[PDB]
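**Student:** First the structure, then my questions, so here it is.
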Amino acid sequence: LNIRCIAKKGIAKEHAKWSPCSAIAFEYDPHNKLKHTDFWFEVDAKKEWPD
Amino acid sequence: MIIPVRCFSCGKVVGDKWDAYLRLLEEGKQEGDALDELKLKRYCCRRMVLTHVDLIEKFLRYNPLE
Amino acid sequence: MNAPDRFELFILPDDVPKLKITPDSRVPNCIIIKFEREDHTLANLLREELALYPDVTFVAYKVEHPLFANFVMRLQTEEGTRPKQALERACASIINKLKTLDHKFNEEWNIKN
Amino acid sequence: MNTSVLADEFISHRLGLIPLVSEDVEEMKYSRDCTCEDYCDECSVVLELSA
Amino acid sequence: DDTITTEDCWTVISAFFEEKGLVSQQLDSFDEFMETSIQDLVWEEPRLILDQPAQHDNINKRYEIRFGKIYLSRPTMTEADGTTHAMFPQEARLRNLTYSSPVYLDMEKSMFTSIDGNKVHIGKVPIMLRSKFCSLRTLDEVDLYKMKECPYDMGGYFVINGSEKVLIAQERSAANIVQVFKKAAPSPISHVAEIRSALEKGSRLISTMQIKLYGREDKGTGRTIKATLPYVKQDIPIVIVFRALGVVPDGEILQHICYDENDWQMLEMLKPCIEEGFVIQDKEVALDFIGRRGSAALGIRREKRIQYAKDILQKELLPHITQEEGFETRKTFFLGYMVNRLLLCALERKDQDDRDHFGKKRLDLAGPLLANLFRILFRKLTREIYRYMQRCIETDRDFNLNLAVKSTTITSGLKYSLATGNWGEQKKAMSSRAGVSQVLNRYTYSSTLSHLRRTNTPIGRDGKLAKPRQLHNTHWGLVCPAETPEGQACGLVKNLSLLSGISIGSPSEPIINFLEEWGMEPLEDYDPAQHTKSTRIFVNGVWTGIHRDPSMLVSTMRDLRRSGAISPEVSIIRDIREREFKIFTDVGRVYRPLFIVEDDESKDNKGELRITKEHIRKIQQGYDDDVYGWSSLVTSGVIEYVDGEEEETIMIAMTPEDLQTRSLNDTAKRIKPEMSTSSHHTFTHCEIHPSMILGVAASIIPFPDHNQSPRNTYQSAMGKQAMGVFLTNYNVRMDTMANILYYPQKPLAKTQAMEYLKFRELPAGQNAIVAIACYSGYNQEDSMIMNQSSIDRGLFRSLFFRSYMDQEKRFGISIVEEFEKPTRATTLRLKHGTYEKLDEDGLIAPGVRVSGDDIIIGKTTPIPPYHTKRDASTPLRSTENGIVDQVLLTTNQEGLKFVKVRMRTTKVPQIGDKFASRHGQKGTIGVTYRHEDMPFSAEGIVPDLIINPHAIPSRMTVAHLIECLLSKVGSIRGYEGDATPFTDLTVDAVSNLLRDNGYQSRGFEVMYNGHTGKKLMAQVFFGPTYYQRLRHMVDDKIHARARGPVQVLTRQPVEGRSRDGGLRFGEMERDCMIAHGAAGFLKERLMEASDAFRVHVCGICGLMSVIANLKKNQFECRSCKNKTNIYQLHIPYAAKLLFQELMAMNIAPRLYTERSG
Amino acid sequence: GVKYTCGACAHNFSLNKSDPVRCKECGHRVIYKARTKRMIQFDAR
RNA sequence: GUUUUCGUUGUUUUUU
Ligand SMILES: [Mg+2]
Ligand SMILES: [Zn+2]
Ligand SMILES: [Zn+2]
Ligand SMILES: [Zn+2]
Ligand SMILES: [Zn+2]
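Chains as they are written, first to last, in the entry's author numbering: chain D, 153 to 203; chain E, 1 to 66; chain U, 1 to 113; chain F, 52 to 102; chain Z, 9 to 64, 69 to 128, 153 to 662, 675 to 711, 719 to 920, 931 to 1222; chain A, 28 to 72.
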């Protein structure tokens, strides 16, 4: 294997090979106190859904 | 064949773990704890290593032209 | 063999501008702003920032097509402030917010590790 | 020159995916922002491989 | 000994495949071919006599040639320059050769002038690539490592001219069985008792006979019976042929027919037959009667007429029973009973004979097919010796005898049958079967394996019917019930089951001895009064004995087949109700290994398995504790082979649960038979696994039993065309198409038969992340939304390879074209493509970035007469790009350089690309979105792909949900999950474990809108699934044509996306346009977009009979001398063609530009 | 210039339009056009 | 040198 390589400045937007991150976790309202998700449930909403 | 350089679902540096993964395998070790040892936290990264199929060993055991 | 290109998502062509404002006489003190080379990231931010402005009477944006990194934003303000001026105000406000964000982050990063 | 049993597109794309230590990538000029013909170091870091 | 669990059954199947495998039937078939079949076909007439009766005083100068032993040689390809080498299959593929070996015979001579050894080359036989005489048979893997063969590539095919052709086995009805059918009412025939009476050995057709019943009820006079014997020109009454066949009195005819003498209706119904045959009262008149209608020549007179009638009653009448003398009494008894069965079926006292039950059908493998073709070709081999030893016998020369043997006799029939596909001779192109041999597919690895285990029913659409296409209960566990082709061939072209094996053909004589061991009562003894309730015994369909105590003999035969003295595959069936018994050893009857539940109620093992954990442990050893192989289990009487005809007479347990006859409220379990009235059940057998009713493809699907059967069939169909990795040495193969995945991934959901399939080692598909919602609105209507990050990282990236084959040709003997760089001077009629890529020998270098409109293989061809050379190059395909993978330079068989250039391309998914799941879930890409725009999880995790929820209400794939759930669980826990059908897994437990995984039991999880980060109100079911790339892309169908090449004859746009084809405008499109009022639009579609020529026709005759010249401006109607009354017509060229053939058929279609009125 | 390589004997060589297809030393008629030493450039993405 | 030159029979498998 004999290879030469050219690296140029880039961003994740143009390729995941320049991606600075794999995934970024973003959260808020850790109890759904703002009512942004339904807590879909078969029996009950608070207990079916974890903390 | 050949584990991806970057994790398809996530994008984590994963390539430099295969030999380490085999090392962990050799000692009759469970799979999941070994993957956790490999810093495989996201189950996407986890099954990417768990379910990767490398195939070059049969290809390489062919005697090449040179 | 027909799909579009990737660097154009932010590279400005000569003929079209980054910012094309046209008067929206539909309601008084309203304009329509075409941001080429843009997407939800800046659009939603500016939309919320303008919505927080009391002068801003109408604020909305739309990415007319997801297959093109561009969007258009309709902005009406009260009879006092112009839509464009509200836009510079929103941009500068988010500037100062980002400054404070970066400063606090850096300080507590340093004290943390 | 390559005498392996793998496609060169394979290894090339994989090499692109490889992150490079880039604490100063900001100073690097873009391949389109930099005015030079072909590549210069300022907009292009050269890598090499021989095995 | 203990209970039998599922893993023990898996171990049993491991023994099964370690001895048999899945090619064992083909291997043993082709080995039987060149170990018993070939020799018998050679010696089926071992006597060749000539003579010169005259003088030499008087003499019989007897040239007499006796046949002898055949010879088999190891493959040697004999280069065209005397540099003979032993041939290797790799070289055969590289140089486009045939995997064929030379054969030789000993046709010795014996000269007998009366007063009154030699080794010739018969021919070259193509060989199946894993027979015992294959070049690489004894050679070990390291030797294989030197000859570059894929270890998973498992042979079973034939190599001819570098093309791999497989002989598809053909299913046909088993012969020598009574077939009574209900003839149509508006016909003199009511019931047709048919039997294809043909020699059991060889399984080849000799003759057949159909006895037709005349008359109606209160209509059509008496119930007379007159059948047309083979090669007779009239329906002769059956009582008459009984007179002719030896039994002239009618009471003998009834003793042959009547066997329930308590019945009066059949007596009074056969009375009219006696009345009509009463004109015949002896054997002489009956035989003359037959001979008159016997289609023989005229002038044969009564004596030879009777002799020929007797012969045709002897030969070609029940030939499977006998063709020689002495058994014409057996002929009388058999015909009498067959007529009796006809009459009983006519009375409807028995259900009419079924036409699909496999017990009356066999499968002709490659073995007997090649046997039949060799029979044909050799029957045209033995005769050209006669037709040359006559032109030389008159000269009585010192004949070389090595020039009358045209050895290529058996080369060309096989070459044409295996190459073109027609099993016969090219001269007899008509009435030939097409498709029995086809090119082996290596698109994927299964595209070979499953391809090697097809079956086909070559009936034809002559009468459409659903019975050849409809699944039947007898197909249970014997065939795959989901693998079927599309519309034209759907239902037909059927696959085996997983554990099936085909009878390779054992001598029937051992079975004859086993049966006669029990005091058989001859057919002559069979009497209506004596044998009022005795058991009629049949072999292979031939009725060969009677018995009154059949229980002992059937028990002994069953236990003996359990032992092994009887060939373990030989079918034993006991028709208790109809006082009959039948043994089948003919080739083509397919058997499944059933666990032997003790059926004789004499122990607790009755209702349990003879095979126990002792046998399981012995198999787990792989050997015997003093070998225990699969044949060990089969011959130990704990597992036995069973056919469908046996299956319908046996009662089988499904799972190890219902073996012992048994004596709550769970919504995650299946159902066994209720056992409410039938308090007892003595299941004589149990399947090794119900999941073995599946097929090779069906052993792939995760829980195929939780999804709709139509979707299961769609899965089966799409599985063979799904992208993957076919062979390890794909590179050394120069194939039309090769597809290799960048990153093969073993499925998270797995079967256990998977383990046997080695799907970890050749996996087809990847485990990618999917979430269910309607986020983009583009997911509708079979479209999916893709993560661009995974694509950039290379998810489902792949490699495609295309091999172009080129060769120099011989116009004469020395007139040859050459591979050279075309130029503007030496080469005429050049092409706009760039020739520069060619360097010295018209061959591009390996590794160059090739594209379309660029010549890759340059060729120059002589012009028939200084500047007499034409471009004959074959450039790369126009809309194809890539880099040359490989360039192979060799020669042909004799002397011309043959080049194989494989080009390599990287394929990446794009909007519109086709994909499918393992649950029939098929669609194209609708739009691709980047990471930032799609919503993320609480941990910020996005899926790789997004699907349409609307599939679930419509397509209803519960198994897909189970697969995704198990996939999440396995990925979190880090192990391979099992999805074997008919197992005890429960979804609720998996949900509980997901709770243990710290994740929502039903798989829901909050997504946060990618554009806003806002918590999407619903919690999204989001996790991994195993999907597969499919052969169909978007850019291979994109094709626009404003103007291109036109067909040479039609002067209209060509058809085919390859050659810039135009859109064929269907007639319904014309009709809808007419209903749309599209006059001008359709006109220009037929005028400017289609053929349009202008002509000059006459105004007097009104024909195109006008010499026309625009430049001369002369238009003379030679028909009518018309020059001024000539009119120009701009009409489609197809109209000109129509007018042309109308003229050519002496029809005068006088076009008129006016109105007669 | 136009170089050629043998099947598995690893013989490297060069035929012209004067000789038949025959690996000069091994006597192997399955020969292969030796790859071009010329560089090929890729996009690594 | 504007311009500028490929086809069919038969066979198999296919595609909502
Ligand atoms: Mg369609
Ligand atoms: Zn991951
Ligand atoms: Zn530069
Ligand atoms: Zn005329
Ligand atoms: Zn050599």
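Beta carbons are placed, not taken as given, at the ideal position from N, Cα and C, and that holds for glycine.
#1: Near ligand 2, which residues have their beta-carbon less than 5 Å from any of its heavy atoms, given in chain order?
#2: Residues of the segment 52-86 of chain F in Cβ contact with chain E at a cutoff of 7 Å, in chain order, please.
#3: Going along chain U in order, which residues have a C-beta closer than 8 Å to the C-beta of residue 165 (chain D)?
#4: Counting only C-beta atoms, is residue 27 (chain E) closer than 8 Å to chain F at any point?
#5: Closer than 9 Å between beta carbons: that is the criterion. Which residues of the segment 160-190 of chain D meet it against chain E?
#6: Do residue 912 (chain Z) and residue 949 (chain Z) count as a contact pair if the criterion is CB distance below 8 Å?
#7: Among A:70, A:29, A:65 and A:32, which one has its Cα closest to the Cα of residue 53 (chain F)?
#8: Using a Cβ-Cβ cut-off of 8 Å, state whether residue 32 (chain A) counts as contacting chain E.
#9: Please state the DSSP three-state secondary structure of residue 511 (chain Z).
#10: How long is the line joining the alpha carbons of residue 322 (chain Z) and residue 277 (chain Z), rounded to whole angstroms?
#11: Taking the alpha carbon of residue 592 (chain Z) as the reference point, which residue from Z:553, Z:196 and Z:476 has its own alpha carbon closest?
#12: Quick one, which residues of the segment 26-58 of chain U are near chain Z if we go by CB-CB under 8 Å, in chain order?
#13: Could you tell me which whole beta strand (DSSP E) segments of length 3 or greater appear in the segment 394-455 of chain Z?
#14: Mind reading off the beta-carbon distance from residue 923 (chain Z) to residue 115 (chain Z)? Whole number of angstroms is fine, and I expect it under 8 Å.
#15: Using a Cβ-Cβ cut-off of 7 Å (strictly less than) and excluding sequence neighbours within five positions of residue 354 (chain Z), which residues of its own chain qualify?
#16: Give the C-beta separation of residue 454 (chain Z) and residue 169 (chain Z) to the nearest angstrom, bearing in mind that I take them to be a contact with Cβ-Cβ under 8 Å.
#17: At a cut-off of 7 Å, is residue 528 (chain Z) close to ligand 4 when judged by its beta-carbon and the heavy atoms of the ligand?
#18: With a cut-off of 6 Å, give the chain-ordered residues whose Cβ is closer than this to any heavy atom of ligand 4.
#19: Does residue 945 (chain Z) get closer than 8 Å to chain U when you measure Cβ to Cβ?
#20: In the DSSP output, what is residue 206 (chain Z) paired with across the bridge?
#21: Could you give the distance in angstroms between the alpha-carbon of residue 569 (chain Z) and the alpha-carbon of residue 563 (chain Z)?
#22: Just the Cα atoms here: how many angstroms apart are residue 175 (chain Z) and residue 166 (chain Z)?
#23: Shorter than 7 Å, the distance from the beta carbon of residue 78 (chain F) to the closest heavy atom of ligand 3, or not?
#24: Would residue 935 (chain Z) and residue 884 (chain Z) qualify as a contact pair, given that the criterion is a beta-carbon distance under 8 Å?
#25: In its own chain, which residues sit with a C-beta less than 6 Å from the C-beta of residue 1166 (chain Z), not counting the 5 before and 5 after it?
#26: At what residue ranges does the segment 43-104 of chain U contain a whole run of the beta strand (DSSP E), taking only runs of 3 or more?
#27: For residue 1025 (chain Z), count the other beta carbons within 10 Å of its own beta carbon; 16 or more makes it buried, fewer makes it exposed. Which is it?
#28: Please confirm whether residue 823 (chain Z) has its beta-carbon closer than 8 Å to some beta-carbon of chain E.
#29: When you compare the CB positions of residue 197 (chain Z) and residue 106 (chain Z), do they come within less than 8 Å of one another, or not?
#30: Within the structure, which residues are defined as neighbours of ligand 7 by a Cβ-heavy atom distance below 6 Å, reported in chain order?
#31: Quick one: give me the first and last residue of the beta strand (DSSP E) that residue 952 (chain Z) is part of.
#32: Among Z:294, Z:95 and Z:537, which one has its Cα closest to the Cα of residue 34 (chain Z)?
#33: For the beta strand (DSSP E) that residue 678 (chain Z) lies in, which residues bound it at each end?
#34: Could you give the residue range of the beta strand (DSSP E) that holds residue 218 (chain Z)?
#35: Going along the segment 986-1001 of chain Z in order, which residues come within less than 8 Å of chain U, judged by CB to CB distance?
#36: May I have the straight-line CA-CA distance separating residue 61 (chain E) from residue 55 (chain E), to the nearest angstrom?
**Tutor:** From the atom records:
#1: E:7, E:9, E:10, E:42, E:44 and E:45
#2: 54, 56, 65, 68, 69 and 70
#3: Taking the first residue of the first sequence as position 1, residue 165 (chain D) is located at position 13. In chain order: 9 and 10.
#4: By one-based count along the second sequence, residue 27 (chain E) stands at place 27. It does not: the Cβ of residue 27 (chain E) has no partner Cβ on chain F nearer than 8 Å.
#5: 164, 168, 169, 171, 173, 174 and 175
#6: Here residue 949 (chain Z) refers to the residue found at position 884 of the fifth sequence. Here residue 912 (chain Z) refers to the residue found at position 857 of the fifth sequence. No, Cβ-Cβ distance for residue 949 (chain Z) and residue 912 (chain Z) is not below 8 Å.
#7: As a working mapping, residue 53 (chain F) is identified with position 2 in the fourth sequence. It is A:65.
#8: For the purposes of this step, residue 32 (chain A) is taken as residue 5 along the sixth sequence, with counting starting at 1. It does: the Cβ of residue 32 (chain A) has a partner Cβ on chain E nearer than 8 Å.
#9: Walking along the fifth sequence from the start, residue 511 (chain Z) turns up at place 475. Looking at residue 511 (chain Z) - three-state DSSP - the assignment turns out to be helix.
#10: Residue 322 (chain Z) sits at position 286 when you count from the first residue of the fifth sequence. Residue 277 (chain Z) sits at position 241 when you count from the first residue of the fifth sequence. Each residue's alpha carbon lies about 6 Å from the other.
#11: As a working mapping, residue 592 (chain Z) is identified with position 556 in the fifth sequence. If we check each option's Cα against that of residue 592 (chain Z), Z:553 comes out closest.
#12: 39, 40, 41 and 44
#13: 397-400
#14: For residue 923 (chain Z), no position is available: the coordinates of chain Z end at 920 and pick up again at 931.
#15: Translated into positions along the fifth sequence, residue 354 (chain Z) becomes position 318. Answer for residue 354 (chain Z): 233, 367 and 370, listed in chain order.
#16: Residue numbering aside, residue 454 (chain Z) sits at position 418 when the fifth sequence is read from its first letter. Residue numbering aside, residue 169 (chain Z) sits at position 133 when the fifth sequence is read from its first letter. Residue 454 (chain Z) to residue 169 (chain Z), Cβ: 18 Å. No contact.
#17: Against the fifth sequence, residue 528 (chain Z) aligns to sequence position 492. No.
#18: Z:1163, Z:1165, Z:1166, Z:1168, Z:1170, Z:1182, Z:1184, Z:1185 and Z:1187
#19: What you label residue 945 (chain Z) is simply residue 880 of the fifth sequence in a count that begins at 1. By this cut-off, residue 945 (chain Z) is not an interface position.
#20: If you number the fifth sequence from 1, residue 206 (chain Z) lands on position 170. Note: residue 206 (chain Z) sits in a beta bridge opposite Z:400 and Z:492.
#21: Translated into the one-based positions of the fifth sequence, residue 569 (chain Z) becomes position 533. Translated into the one-based positions of the fifth sequence, residue 563 (chain Z) becomes position 527. Taking the straight line joining both Cα atoms gives about 10 Å.
#22: On the fifth sequence, position 139 is the one that residue 175 (chain Z) refers to. On the fifth sequence, position 130 is the one that residue 166 (chain Z) refers to. C-alpha separation (whole angstroms): 12 Å.
#23: Locating residue 78 (chain F) in the fourth sequence gives position 27, counting from the first residue. No, ligand 3 has no heavy atom inside 7 Å of this Cβ.
#24: Counting from 1 along the fifth sequence, the entry for residue 935 (chain Z) is found at position 870. Counting from 1 along the fifth sequence, the entry for residue 884 (chain Z) is found at position 829. Pairing residue 935 (chain Z) with residue 884 (chain Z) gives a Cβ-Cβ distance under 8 Å.
#25: Looking up residue 1166 (chain Z) in the fifth sequence gives position 1101. For residue 1166 (chain Z), where only same-chain residues beyond five positions count, the Cβ hits under 6 Å are 1184 and 1185.
#26: Counting only runs of 3 or more, we get 56-62 and 70-77.
#27: As a working mapping, residue 1025 (chain Z) is identified with position 960 in the fifth sequence. By the 10 Å Cβ count, residue 1025 (chain Z) comes out buried.
#28: Counting from one through the fifth sequence, the residue named residue 823 (chain Z) turns up at place 768. Chain E, which has a Cβ nearer than 8 Å to the Cβ of residue 823 (chain Z), makes this yes.
#29: For the purposes of this step, residue 197 (chain Z) is taken as residue 161 along the fifth sequence, with counting starting at 1. For the purposes of this step, residue 106 (chain Z) is taken as residue 94 along the fifth sequence, with counting starting at 1. Not in contact: residue 197 (chain Z) and residue 106 (chain Z) (Cβ atoms no closer than 8 Å).
#30: This structure does not include ligand 7; its bound ligands are ligand 1, ligand 2, ligand 3, ligand 4 and ligand 5.
#31: Within the fifth sequence, numbered from 1, the residue matching residue 952 (chain Z) stands at position 887. 947-956 is the span of the beta strand (DSSP E), which, as asked, contains residue 952 (chain Z).
#32: As a first step, residue 34 (chain Z) must be located in the fifth sequence, where it is residue number 26. Selected option, being the one with the closest Cα: Z:537.
#33: The sequence position of residue 678 (chain Z) within the fifth sequence is 630, counting from 1. Careful: residue 678 (chain Z) lies outside any beta strand (DSSP E), inside the alpha helix (DSSP H) at 678-683.
#34: Counting from 1 along the fifth sequence, the entry for residue 218 (chain Z) is found at position 182. Segment 215-218, the beta strand (DSSP E) holding residue 218 (chain Z).
#35: Within the segment 986-1001 of chain Z, the residues whose Cβ lies closer than 8 Å to any Cβ of chain U are, in chain order, 992, 994, 997 and 998.
#36: Working through the second sequence from its first residue, we reach residue 61 (chain E) at position 61. Working through the second sequence from its first residue, we reach residue 55 (chain E) at position 55. C-alpha of residue 61 (chain E) to C-alpha of residue 55 (chain E): approximately 11 Å in a straight line.
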